[PDB]
Amino acid sequence: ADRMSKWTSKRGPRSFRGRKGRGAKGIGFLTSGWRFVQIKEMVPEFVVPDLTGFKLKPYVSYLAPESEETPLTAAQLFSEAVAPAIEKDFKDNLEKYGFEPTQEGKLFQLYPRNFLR
Amino acid sequence: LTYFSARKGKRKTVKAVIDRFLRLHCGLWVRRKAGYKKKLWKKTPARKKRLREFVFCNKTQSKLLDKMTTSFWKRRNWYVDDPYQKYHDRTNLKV
Amino acid sequence: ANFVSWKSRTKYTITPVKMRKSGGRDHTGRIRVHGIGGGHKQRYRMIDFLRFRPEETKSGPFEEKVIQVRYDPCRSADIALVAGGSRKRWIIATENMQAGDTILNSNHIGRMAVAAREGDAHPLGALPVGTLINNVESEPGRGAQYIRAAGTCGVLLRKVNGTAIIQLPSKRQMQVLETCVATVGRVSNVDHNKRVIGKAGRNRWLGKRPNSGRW
Amino acid sequence: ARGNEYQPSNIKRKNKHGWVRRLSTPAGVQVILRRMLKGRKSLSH
Amino acid sequence: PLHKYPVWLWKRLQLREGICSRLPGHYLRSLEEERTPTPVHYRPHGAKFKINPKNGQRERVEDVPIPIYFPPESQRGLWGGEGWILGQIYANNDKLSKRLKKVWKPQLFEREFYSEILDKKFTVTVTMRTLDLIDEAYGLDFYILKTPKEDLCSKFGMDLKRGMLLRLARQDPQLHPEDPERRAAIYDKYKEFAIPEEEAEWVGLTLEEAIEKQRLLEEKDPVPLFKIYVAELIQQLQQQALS
RNA sequence: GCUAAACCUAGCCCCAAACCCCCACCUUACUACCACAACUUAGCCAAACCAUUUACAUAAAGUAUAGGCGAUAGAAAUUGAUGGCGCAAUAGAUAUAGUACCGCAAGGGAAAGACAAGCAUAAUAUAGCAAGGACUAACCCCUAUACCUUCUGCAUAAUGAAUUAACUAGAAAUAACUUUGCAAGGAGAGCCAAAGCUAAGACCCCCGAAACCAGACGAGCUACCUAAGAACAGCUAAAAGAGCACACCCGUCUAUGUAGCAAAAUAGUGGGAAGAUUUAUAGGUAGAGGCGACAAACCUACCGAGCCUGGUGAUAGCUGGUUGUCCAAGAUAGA
RNA sequence: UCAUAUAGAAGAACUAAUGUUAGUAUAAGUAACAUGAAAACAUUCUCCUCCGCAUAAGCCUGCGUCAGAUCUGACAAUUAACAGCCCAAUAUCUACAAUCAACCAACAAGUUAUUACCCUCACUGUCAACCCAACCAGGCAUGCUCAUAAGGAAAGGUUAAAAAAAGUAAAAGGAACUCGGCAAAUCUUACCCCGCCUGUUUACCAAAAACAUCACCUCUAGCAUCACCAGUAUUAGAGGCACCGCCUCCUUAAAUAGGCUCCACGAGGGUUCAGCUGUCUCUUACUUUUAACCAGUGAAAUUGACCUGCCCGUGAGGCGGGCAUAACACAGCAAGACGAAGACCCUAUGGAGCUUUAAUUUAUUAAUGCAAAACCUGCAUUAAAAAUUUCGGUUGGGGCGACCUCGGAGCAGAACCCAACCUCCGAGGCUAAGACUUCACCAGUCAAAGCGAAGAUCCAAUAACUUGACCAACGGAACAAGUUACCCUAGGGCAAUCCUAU
Ligand SMILES: [Mg+2]
Ligand SMILES: [Mg+2]
Ligand SMILES: [Mg+2]
Ligand SMILES: [Mg+2]
Ligand SMILES: [Mg+2]
Ligand SMILES: [Mg+2]
Ligand SMILES: [Mg+2]
Ligand SMILES: [Mg+2]
Ligand SMILES: [Mg+2]
Ligand SMILES: [Mg+2]
Ligand SMILES: [Mg+2]
Ligand SMILES: [Mg+2]
Ligand SMILES: [Mg+2]
Ligand SMILES: [Mg+2]
Ligand SMILES: [Mg+2]
Ligand SMILES: [Mg+2]
Ligand SMILES: [Mg+2]
Ligand SMILES: [Mg+2]
Ligand SMILES: [Mg+2]
Ligand SMILES: [Mg+2]
Ligand SMILES: [Mg+2]
Ligand SMILES: [Mg+2]
Ligand SMILES: [Mg+2]
Ligand SMILES: [Mg+2]
Ligand SMILES: [Mg+2]
Ligand SMILES: [Mg+2]
Ligand SMILES: [Mg+2]
Ligand SMILES: [Mg+2]
Ligand SMILES: [Mg+2]
Ligand SMILES: [Mg+2]
Ligand SMILES: [Mg+2]
Ligand SMILES: [Mg+2]
Ligand SMILES: [Mg+2]
Ligand SMILES: [Mg+2]
Ligand SMILES: [Mg+2]
């Protein structure tokens, strides 16, 4: 008889209490007899770098020059990414300069996103 | 009667009167003495003579019928050969 | 109402299957027939009525021998498990059928009437006039629908060209093609009439309940 | 003795007044839409 | 408050805003246009005026169509224009007896009809009126080809019409291969209902089907901006080079 | 002297103009992840019943026409087309909010923020609608049958009122009468005109049924049924709707209780208690319908017909009310 | 517009709608509620429980710490092995109960072979004094403890008035009480009526002599895949009845009470023997709760105002005539303040029903019959099934029964008019001054002269000249009865004949 409070896993009878998750991802599947099989591939392996010798810290000194907000736009990226190669080669049929026409044969597809932050 | 129509909002007349009474323009109403067409075979000749007559309606009846009819049926009507053309006006009325 | 009727099995097998009672409720959900509900749980044994059914890739009249003649809740008669070839079937048994007997099942109309044992299945024409039959069928190759109840005898009355007139237990006749397969004898469990159930509890056990109304 | 007609049960409550039961019939969608219009923040039980 | 457009103009407004706005003009014209169906269940008054007997003066008259119901099962057949009449009757055909409910339904049949531009036999449910109209029209193909959308009132009929009109417009060989003379004979026999393909594709489509067709027609994978930007770069470089 | 009493705006009403806008979520909604489908308003209500019938620019015209020719209904041809003598916290929207809270559900639906009554300071003194005439004097003396509404008048015959504050009930045509304009013509097209036309001024309330019809919501209580479960000591007797009697179920008789501990309980006394028993869990039957070991019994505390929203401001020849001052005419033949 | 006046406007005025909202009163500081004892705050003692612990279901942080108060905020917490969350496909199978399962005895009849996979423990419940009853001597399934190892506190302090409630004891007598042996104490017997038995029923006034029930009988039905039914005349459905067998004067002293056969049973009804008892003759004592007082917290119906007496009379605290009369608490009582739900009679052209041989219909279904291309469509007839609808007036005592329009005689003695279910009886040529009238209207009535001859309206058939039945409930719904013990709403409520004494 309470309908305003959120509905979460702590609410129903045994069945409900079990079925309803809590926002937590899955990593495996139930086999016969309520046995759980975990898959090493569906567990996010963190990728932490080697921080030794790094010359940057959580904050930046107050003695730094200011600048203008210039968000990176497709034109700005293209300008210094591939354009100079074109111009250099313009003085004497697009995949040679980084163009990727289709995105089935690469591990990190850009659309749809098949990878994670 | 209906004092305001649902579709226009005007007064409306009771058409059961138009088919029964004639309004002489200057107030009077004439009717036709119910009981006159039918059963004319055991009525005395004098009674038949009375029943054929066109009779007037007294004050209350005339006011009632004036209420049950809009303005259109009270106008001045100039018909070509109107048997009641000479009765539209009163002449020499003392009070 | 989500009412999937229980009679959903397709394959045939002698194992009892799990009845679900109805209580008079049809698929909509309303009392269609008053006076039904409750009573003992029951299982259903798929009694096979086409008593002339030859096994896979075989033909010709076949003999089968019984194994047991047991009570059955659904019927009023007593079923019997007959084994033949490589196949077991539940068939309604007649009165004088004991475990171990043998029975013939034929469709072969002989030159004249063949004296048939009191449990065998023969086409109507094959029998003589004046015998008693059960498990009659309306038309050939259809199945037994007529006399099946407990202790009911069906007399054969006469035969004419291509047909036979039989007398049903309700004291009236009907015509059927002479190739319709019946069984000769009287259906088992005789004198089932004389079952004084004694007390209302027995009626409740069977499945009936007392219902006022029936508008 | 009366007054205790509500014997609570989450299964029943979610089965006979829940989102899916409303959305499983035109009348229920009308109910949800009425309660969307009136402003409610408890559309379904 | 008050809207800026009435309620019944909202449909026509919608036909100008969104995806419906890019549909070809002729389809929109065929959709907005309204035509009265040919009278079926009532006797139309012959003339625009008439003398009535009660008084004797010349009064105007119009014919007010009976409203008729077409259950969806008819959309799979060719009922002609016929349908159900849902209404009331006076019990003894005297006005002082109860007002009773009444439904009049057509007598339906199933039959087989041969379409020559389609060279196919269809099984269709029809009514005596449909057969009489077909005979009066000298064949099923003519009946479906000359009758307008409103008199047919059958999505099946309009689909047949779209097929036949497309077959005529394309002049495609698939009608009767291995005998081009018969092809030419059949195609030219109906040469009068020969409208261009661009108008043939959209004949009979309901509005929803039209929207879906337009969407499928225009839906397209966005062009990679890499090609666009390299094209702009090449244009600028050529301009700089020629200077 | 307390209690209080006071305030402004937060907003809103009616117009004009302009056509309006990261993740999860149909399974048990807000849950990363596996093999069907949509397409005539009845009736409350008028006819003083009710049965055909009964409404959803200006002018022509409430005319033709329809109609138990009753109540009432009713054309066309043609004609021509930013603001406020609004509210200001019981008002204005229901709104600070569709929140709190009520209901299982559909659904219902709030409140509010900035020396009035009641008392104390200060209990009363024969006698009496609590006052008036007065008196030197408060009482004492003389006079004096509360108010509203309904019945012929009512001693209170009956109905209503504890008391204060706020809010709460006469909207309009046909004629007529009065005062203006113009006057054989009036009127800013359509209409009237044998002194009439044009304009203004004056006159027609509030609350209340049992009901009816339509569409939704309900079988978590109870009636019955389904699926798959559970309980039944001990003694006597052995396969029994068996006897005595616990748990469990019911509720015979009496007493308590009657705003109660409880909108049906408590204490004792009682019937059944291996069965037609009792019971937890999910599903089903839906309102002229369901269910019923028929009692008009039960379907969420109120069932000879549930409940909610809408038609609905239902209708009511019936009951109750109807608000400033002063004066004047004013009553019981009959069909 | 002056800038309180002259005008124009309008949600324009409340001693009263069991009006609505808010404030505060009265009854009222009244009814009711609560904390076992001592103490050294560590503890000890007295007494009680069909209770307690856990799971389930339900609820969702709801007596853990700290800090502010008499509840608010902050902080903290409940760790999976228990429980939930499941399953690769295809074919095959899958006859025999459970009851310590063995003897007897029954009826209600109760998974694998092949193909594919060599992956590992993630996710959620986990708290409490708890849930449904507005806060609660109520409701709440299962396992285990069967009187407790667990859980609790019947008395805020006092005194020991009445009336009330529960309990204990009682001399002699033992139903004389009373409608009745209800209650209580004791435990026996006998019969009679009804129903065969166990069971079920009016949740919340009826548990029964009613319903159901075995047994019997009657009626209908010859049969497929959604009920009856995976059934088939010894079957299924619908009815009546109620196994079975047999037939279609005594009682008391006294008495209006009790006295088709048919075992068993009944919280059924009536009667009786014996006992038993405070039921009674006839009450009494004590205890507990209530009670009264002190302290804390603190309602509700009710209320026109009250400065609220008695007797007699009128038609009664309040009027009249007499009498009485310093003010004020507290506890009692129930004669009066017509003291604060439920019934009965009548009315409504209110509502809802039930039955019909009351009126209207066949729209829907089922039969036929006729056209339409072996099945559906249209029309007609017959029926069932329903659907909509109504219940005139005066009246013995409301009901029964009569009458209901018009006319004539007494009341109404002498212009006019005046009631009766008061008093006695029948009927269904045309034109035109002026008038009369049935107390309205509608109708009705007389008529000089002059000219010519001697019971309504609407509807239908009609060329017509006009025409009729019903409307007799006779100012007339075009066509509608019986009834509501289940009813609901709005409302109203100086005796002819005689008894007795002088
Ligand atoms: Mg009416
Ligand atoms: Mg407000
Ligand atoms: Mg408000
Ligand atoms: Mg004051
Ligand atoms: Mg008094
Ligand atoms: Mg009062
Ligand atoms: Mg249930
Ligand atoms: Mg009203
Ligand atoms: Mg009246
Ligand atoms: Mg005067
Ligand atoms: Mg003034
Ligand atoms: Mg006012
Ligand atoms: Mg008031
Ligand atoms: Mg008191
Ligand atoms: Mg007390
Ligand atoms: Mg965990
Ligand atoms: Mg586990
Ligand atoms: Mg725990
Ligand atoms: Mg303890
Ligand atoms: Mg205590
Ligand atoms: Mg005390
Ligand atoms: Mg004694
Ligand atoms: Mg019993
Ligand atoms: Mg009994
Ligand atoms: Mg006190
Ligand atoms: Mg007196
Ligand atoms: Mg006192
Ligand atoms: Mg009346
Ligand atoms: Mg009525
Ligand atoms: Mg007389
Ligand atoms: Mg008279
Ligand atoms: Mg008169
Ligand atoms: Mg003369
Ligand atoms: Mg009458
Ligand atoms: Mg009369």
# chains A, B, ... in the order shown; residues from 1 in each chain; ligands from 1

call {"tool": "select_by_dssp", "arguments": {"residues": "stretch 2-88 of chain A", "states": "alpha helix (DSSP H)", "output": "PDB file with N, CA and C atoms, in the first residue's frame"}}
result
ATOM      1  N   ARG A  14      10.535 -13.757  -1.769  1.00  0.00           N
ATOM      2  CA  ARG A  14      11.847 -14.312  -2.097  1.00  0.00           C
ATOM      3  C   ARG A  14      12.155 -14.163  -3.574  1.00  0.00           C
ATOM      4  N   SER A  15      11.210 -14.566  -4.416  1.00  0.00           N
ATOM      5  CA  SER A  15      11.423 -14.520  -5.852  1.00  0.00           C
ATOM      6  C   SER A  15      11.800 -13.122  -6.306  1.00  0.00           C
ATOM      7  N   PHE A  16      11.000 -12.126  -5.931  1.00  0.00           N
ATOM      8  CA  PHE A  16      11.301 -10.762  -6.333  1.00  0.00           C
ATOM      9  C   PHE A  16      12.644 -10.328  -5.774  1.00  0.00           C
ATOM     10  N   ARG A  17      12.874 -10.582  -4.484  1.00  0.00           N
ATOM     11  CA  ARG A  17      14.112 -10.150  -3.853  1.00  0.00           C
ATOM     12  C   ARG A  17      15.312 -10.687  -4.600  1.00  0.00           C
ATOM     13  N   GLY A  18      15.172 -11.862  -5.201  1.00  0.00           N
ATOM     14  CA  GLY A  18      16.289 -12.439  -5.917  1.00  0.00           C
ATOM     15  C   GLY A  18      16.429 -11.891  -7.320  1.00  0.00           C
ATOM     16  N   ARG A  19      15.323 -11.821  -8.060  1.00  0.00           N
ATOM     17  CA  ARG A  19      15.419 -11.447  -9.467  1.00  0.00           C
ATOM     18  C   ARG A  19      15.972 -10.042  -9.629  1.00  0.00           C
ATOM     19  N   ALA A  74      35.514  19.265 -36.037  1.00  0.00           N
ATOM     20  CA  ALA A  74      35.965  18.378 -37.102  1.00  0.00           C
ATOM     21  C   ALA A  74      36.888  19.099 -38.071  1.00  0.00           C
ATOM     22  N   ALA A  75      36.567  20.349 -38.399  1.00  0.00           N
ATOM     23  CA  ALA A  75      37.429  21.123 -39.284  1.00  0.00           C
ATOM     24  C   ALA A  75      38.803  21.332 -38.662  1.00  0.00           C
ATOM     25  N   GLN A  76      38.843  21.704 -37.383  1.00  0.00           N
ATOM     26  CA  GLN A  76      40.126  21.965 -36.739  1.00  0.00           C
ATOM     27  C   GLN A  76      40.983  20.711 -36.708  1.00  0.00           C
ATOM     28  N   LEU A  77      40.369  19.565 -36.417  1.00  0.00           N
ATOM     29  CA  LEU A  77      41.109  18.309 -36.399  1.00  0.00           C
ATOM     30  C   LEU A  77      41.622  17.957 -37.788  1.00  0.00           C
ATOM     31  N   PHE A  78      40.761  18.070 -38.799  1.00  0.00           N
ATOM     32  CA  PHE A  78      41.168  17.762 -40.163  1.00  0.00           C
ATOM     33  C   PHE A  78      42.265  18.698 -40.646  1.00  0.00           C
ATOM     34  N   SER A  79      42.299  19.927 -40.130  1.00  0.00           N
ATOM     35  CA  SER A  79      43.223  20.925 -40.654  1.00  0.00           C
ATOM     36  C   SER A  79      44.671  20.505 -40.456  1.00  0.00           C
ATOM     37  N   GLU A  80      45.008  20.006 -39.268  1.00  0.00           N
ATOM     38  CA  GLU A  80      46.380  19.628 -38.948  1.00  0.00           C
ATOM     39  C   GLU A  80      46.552  18.121 -38.833  1.00  0.00           C
ATOM     40  N   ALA A  81      45.495  17.344 -39.063  1.00  0.00           N
ATOM     41  CA  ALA A  81      45.622  15.893 -39.053  1.00  0.00           C
ATOM     42  C   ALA A  81      46.065  15.364 -40.413  1.00  0.00           C
ATOM     43  N   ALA A  83      45.311  17.375 -43.647  1.00  0.00           N
ATOM     44  CA  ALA A  83      45.460  18.381 -44.692  1.00  0.00           C
ATOM     45  C   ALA A  83      46.902  18.594 -45.128  1.00  0.00           C
ATOM     46  N   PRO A  84      47.880  18.771 -44.238  1.00  0.00           N
ATOM     47  CA  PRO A  84      49.247  19.004 -44.723  1.00  0.00           C
ATOM     48  C   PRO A  84      49.779  17.876 -45.580  1.00  0.00           C
ATOM     49  N   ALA A  85      49.421  16.627 -45.285  1.00  0.00           N
ATOM     50  CA  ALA A  85      49.831  15.532 -46.156  1.00  0.00           C
ATOM     51  C   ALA A  85      49.218  15.683 -47.542  1.00  0.00           C
ATOM     52  N   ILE A  86      47.947  16.083 -47.606  1.00  0.00           N
ATOM     53  CA  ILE A  86      47.309  16.338 -48.895  1.00  0.00           C
ATOM     54  C   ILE A  86      48.083  17.404 -49.656  1.00  0.00           C
ATOM     55  N   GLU A  87      48.337  18.539 -49.007  1.00  0.00           N
ATOM     56  CA  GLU A  87      48.990  19.650 -49.688  1.00  0.00           C
ATOM     57  C   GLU A  87      50.384  19.265 -50.156  1.00  0.00           C
ATOM     58  N   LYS A  88      51.139  18.556 -49.320  1.00  0.00           N
ATOM     59  CA  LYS A  88      52.451  18.089 -49.747  1.00  0.00           C
ATOM     60  C   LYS A  88      52.330  17.161 -50.945  1.00  0.00           C
TER      61      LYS A  88
END

call {"tool": "residues_near_ligand", "arguments": {"ligand": "ligand 26", "cutoff": "12 Å", "atoms": "only C-alpha atoms (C1' of nucleotides) and all ligand atoms", "output": "list in words"}}
result
residues 310, 311, 312, 313, 314, 315, 316, 317 and 319 of chain G

call {"tool": "atom_distance", "arguments": {"atom1": "atom CA of residue E:6", "atom2": "atom CA of residue E:32"}}
result
17.3 Å

call {"tool": "residues_near_ligand", "arguments": {"ligand": "ligand 19", "cutoff": "12 Å", "atoms": "only C-alpha atoms (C1' of nucleotides) and all ligand atoms", "output": "VMD selection string"}}
result
chain G and resid 48 to 49 51 to 52 148 to 152

call {"tool": "write_last_selection", "arguments": {"atoms": "N, CA, C and O atoms (P, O5', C5', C4', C3', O3' and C1' of nucleotides)", "output": "PDB file, in the first residue's frame"}}
result
ATOM      1  P     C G  48       1.192 -16.940  40.244  1.00  0.00           P
ATOM      2  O5'   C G  48       1.211 -16.176  38.852  1.00  0.00           O
ATOM      3  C5'   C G  48       0.064 -15.489  38.375  1.00  0.00           C
ATOM      4  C4'   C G  48       0.278 -14.941  36.986  1.00  0.00           C
ATOM      5  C3'   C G  48       0.359 -15.962  35.873  1.00  0.00           C
ATOM      6  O3'   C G  48      -0.929 -16.362  35.455  1.00  0.00           O
ATOM      7  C1'   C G  48       2.057 -14.327  35.612  1.00  0.00           C
ATOM      8  P     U G  49      -1.151 -17.778  34.753  1.00  0.00           P
ATOM      9  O5'   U G  49      -0.554 -17.571  33.291  1.00  0.00           O
ATOM     10  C5'   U G  49      -1.141 -16.643  32.391  1.00  0.00           C
ATOM     11  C4'   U G  49      -0.400 -16.569  31.077  1.00  0.00           C
ATOM     12  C3'   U G  49      -0.141 -17.888  30.385  1.00  0.00           C
ATOM     13  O3'   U G  49      -1.292 -18.364  29.715  1.00  0.00           O
ATOM     14  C1'   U G  49       1.783 -16.498  30.248  1.00  0.00           C
ATOM     15  P     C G  51      -0.910 -17.183  23.853  1.00  0.00           P
ATOM     16  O5'   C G  51       0.253 -17.005  24.920  1.00  0.00           O
ATOM     17  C5'   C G  51       1.282 -16.054  24.706  1.00  0.00           C
ATOM     18  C4'   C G  51       2.516 -16.403  25.489  1.00  0.00           C
ATOM     19  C3'   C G  51       3.834 -16.210  24.762  1.00  0.00           C
ATOM     20  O3'   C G  51       4.293 -14.873  24.805  1.00  0.00           O
ATOM     21  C1'   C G  51       3.801 -18.333  25.797  1.00  0.00           C
ATOM     22  P     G G  52       4.843 -14.162  23.480  1.00  0.00           P
ATOM     23  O5'   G G  52       6.231 -14.875  23.211  1.00  0.00           O
ATOM     24  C5'   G G  52       7.355 -14.574  24.015  1.00  0.00           C
ATOM     25  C4'   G G  52       8.351 -15.701  24.019  1.00  0.00           C
ATOM     26  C3'   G G  52       9.216 -15.829  22.786  1.00  0.00           C
ATOM     27  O3'   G G  52      10.315 -14.947  22.830  1.00  0.00           O
ATOM     28  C1'   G G  52       8.408 -17.957  23.448  1.00  0.00           C
ATOM     29  P     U G 148       7.645 -25.934  34.315  1.00  0.00           P
ATOM     30  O5'   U G 148       8.895 -25.787  33.340  1.00  0.00           O
ATOM     31  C5'   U G 148       9.646 -24.584  33.291  1.00  0.00           C
ATOM     32  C4'   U G 148      10.118 -24.285  31.892  1.00  0.00           C
ATOM     33  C3'   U G 148      10.853 -22.970  31.704  1.00  0.00           C
ATOM     34  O3'   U G 148      12.227 -23.087  32.000  1.00  0.00           O
ATOM     35  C1'   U G 148       9.243 -23.270  29.978  1.00  0.00           C
ATOM     36  P     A G 149      13.011 -21.868  32.663  1.00  0.00           P
ATOM     37  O5'   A G 149      14.385 -21.809  31.879  1.00  0.00           O
ATOM     38  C5'   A G 149      15.457 -21.036  32.390  1.00  0.00           C
ATOM     39  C4'   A G 149      16.510 -20.797  31.345  1.00  0.00           C
ATOM     40  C3'   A G 149      16.009 -20.149  30.065  1.00  0.00           C
ATOM     41  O3'   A G 149      17.028 -19.321  29.515  1.00  0.00           O
ATOM     42  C1'   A G 149      16.894 -22.275  29.569  1.00  0.00           C
ATOM     43  P     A G 150      16.909 -17.730  29.650  1.00  0.00           P
ATOM     44  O5'   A G 150      15.780 -17.348  28.598  1.00  0.00           O
ATOM     45  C5'   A G 150      15.963 -17.560  27.208  1.00  0.00           C
ATOM     46  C4'   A G 150      14.699 -17.284  26.432  1.00  0.00           C
ATOM     47  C3'   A G 150      13.939 -16.042  26.827  1.00  0.00           C
ATOM     48  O3'   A G 150      14.520 -14.851  26.341  1.00  0.00           O
ATOM     49  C1'   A G 150      12.424 -17.821  26.554  1.00  0.00           C
ATOM     50  P     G G 151      14.398 -13.502  27.198  1.00  0.00           P
ATOM     51  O5'   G G 151      12.835 -13.211  27.238  1.00  0.00           O
ATOM     52  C5'   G G 151      12.129 -12.942  26.040  1.00  0.00           C
ATOM     53  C4'   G G 151      10.638 -12.915  26.244  1.00  0.00           C
ATOM     54  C3'   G G 151      10.087 -11.783  27.084  1.00  0.00           C
ATOM     55  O3'   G G 151       9.963 -10.580  26.355  1.00  0.00           O
ATOM     56  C1'   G G 151       9.071 -13.819  27.716  1.00  0.00           C
ATOM     57  P     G G 152      10.254  -9.183  27.070  1.00  0.00           P
ATOM     58  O5'   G G 152       9.398  -9.272  28.402  1.00  0.00           O
ATOM     59  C5'   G G 152       8.465  -8.266  28.747  1.00  0.00           C
ATOM     60  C4'   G G 152       7.196  -8.871  29.273  1.00  0.00           C
ATOM     61  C3'   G G 152       6.578  -8.172  30.465  1.00  0.00           C
ATOM     62  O3'   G G 152       5.806  -7.051  30.088  1.00  0.00           O
ATOM     63  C1'   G G 152       6.645 -10.498  30.851  1.00  0.00           C
TER      64        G G 152
END

call {"tool": "residues_near_ligand", "arguments": {"ligand": "ligand 34", "cutoff": "12 Å", "atoms": "only C-alpha atoms (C1' of nucleotides) and all ligand atoms", "output": "VMD selection string"}}
result
chain G and resid 349 392 to 393 404 to 405 471 to 477

call {"tool": "closest_atom_pairs", "arguments": {"of": "chain G", "to": "chain C", "cutoff": "9 Å", "atoms": "only C-alpha atoms (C1' of nucleotides)", "output": "JSON lines"}}
result
{"residue": "G:94", "atom": "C1'", "partner": "C:15", "partner_atom": "CA", "distance": 6.3}
{"residue": "G:95", "atom": "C1'", "partner": "C:15", "partner_atom": "CA", "distance": 6.6}
{"residue": "G:108", "atom": "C1'", "partner": "C:205", "partner_atom": "CA", "distance": 5.3}
{"residue": "G:109", "atom": "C1'", "partner": "C:73", "partner_atom": "CA", "distance": 6.4}
{"residue": "G:110", "atom": "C1'", "partner": "C:41", "partner_atom": "CA", "distance": 7.4}
{"residue": "G:211", "atom": "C1'", "partner": "C:212", "partner_atom": "CA", "distance": 8.9}
{"residue": "G:212", "atom": "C1'", "partner": "C:210", "partner_atom": "CA", "distance": 6.9}
{"residue": "G:213", "atom": "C1'", "partner": "C:200", "partner_atom": "CA", "distance": 5.7}
{"residue": "G:214", "atom": "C1'", "partner": "C:199", "partner_atom": "CA", "distance": 4.6}
{"residue": "G:215", "atom": "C1'", "partner": "C:196", "partner_atom": "CA", "distance": 8.2}
{"residue": "G:222", "atom": "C1'", "partner": "C:146", "partner_atom": "CA", "distance": 7.9}
{"residue": "G:223", "atom": "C1'", "partner": "C:145", "partner_atom": "CA", "distance": 7.7}
{"residue": "G:225", "atom": "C1'", "partner": "C:7", "partner_atom": "CA", "distance": 8.7}
{"residue": "G:226", "atom": "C1'", "partner": "C:27", "partner_atom": "CA", "distance": 5.7}
{"residue": "G:227", "atom": "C1'", "partner": "C:26", "partner_atom": "CA", "distance": 4.0}
{"residue": "G:228", "atom": "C1'", "partner": "C:33", "partner_atom": "CA", "distance": 6.4}
{"residue": "G:230", "atom": "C1'", "partner": "C:7", "partner_atom": "CA", "distance": 6.2}
{"residue": "G:231", "atom": "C1'", "partner": "C:75", "partner_atom": "CA", "distance": 7.8}
{"residue": "G:232", "atom": "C1'", "partner": "C:146", "partner_atom": "CA", "distance": 5.6}
{"residue": "G:233", "atom": "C1'", "partner": "C:170", "partner_atom": "CA", "distance": 5.1}
{"residue": "G:234", "atom": "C1'", "partner": "C:193", "partner_atom": "CA", "distance": 5.1}
{"residue": "G:235", "atom": "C1'", "partner": "C:149", "partner_atom": "CA", "distance": 6.4}
{"residue": "G:237", "atom": "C1'", "partner": "C:33", "partner_atom": "CA", "distance": 8.3}
{"residue": "G:238", "atom": "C1'", "partner": "C:214", "partner_atom": "CA", "distance": 8.9}
{"residue": "G:243", "atom": "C1'", "partner": "C:198", "partner_atom": "CA", "distance": 8.9}

call {"tool": "interface_residues", "arguments": {"of": "chain D", "to": "chain A", "cutoff": "8 Å", "atoms": "only C-alpha atoms", "output": "mmCIF file with N, CA and C atoms, in the first residue's frame"}}
result
data_model
loop_
_atom_site.group_PDB
_atom_site.id
_atom_site.type_symbol
_atom_site.label_atom_id
_atom_site.label_comp_id
_atom_site.auth_asym_id
_atom_site.auth_seq_id
_atom_site.Cartn_x
_atom_site.Cartn_y
_atom_site.Cartn_z
ATOM 1 N N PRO D 8 -1.967 -7.715 2.664
ATOM 2 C CA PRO D 8 -1.065 -7.263 1.606
ATOM 3 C C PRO D 8 -0.300 -8.403 0.963
ATOM 4 N N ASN D 10 2.697 -8.524 -2.370
ATOM 5 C CA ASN D 10 3.352 -7.798 -3.448
ATOM 6 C C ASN D 10 3.059 -8.415 -4.809
ATOM 7 N N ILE D 11 2.992 -9.743 -4.896
ATOM 8 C CA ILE D 11 2.718 -10.369 -6.187
ATOM 9 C C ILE D 11 1.359 -9.929 -6.701
ATOM 10 N N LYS D 41 2.215 11.692 -9.864
ATOM 11 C CA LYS D 41 3.534 11.086 -9.949
ATOM 12 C C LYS D 41 3.529 9.630 -9.519
ATOM 13 N N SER D 42 2.355 9.044 -9.310
ATOM 14 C CA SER D 42 2.187 7.611 -9.098
ATOM 15 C C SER D 42 1.212 7.114 -10.153
ATOM 16 N N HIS D 45 0.661 1.212 -9.839
ATOM 17 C CA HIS D 45 0.942 0.727 -8.507
ATOM 18 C C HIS D 45 2.263 -0.009 -8.467
#
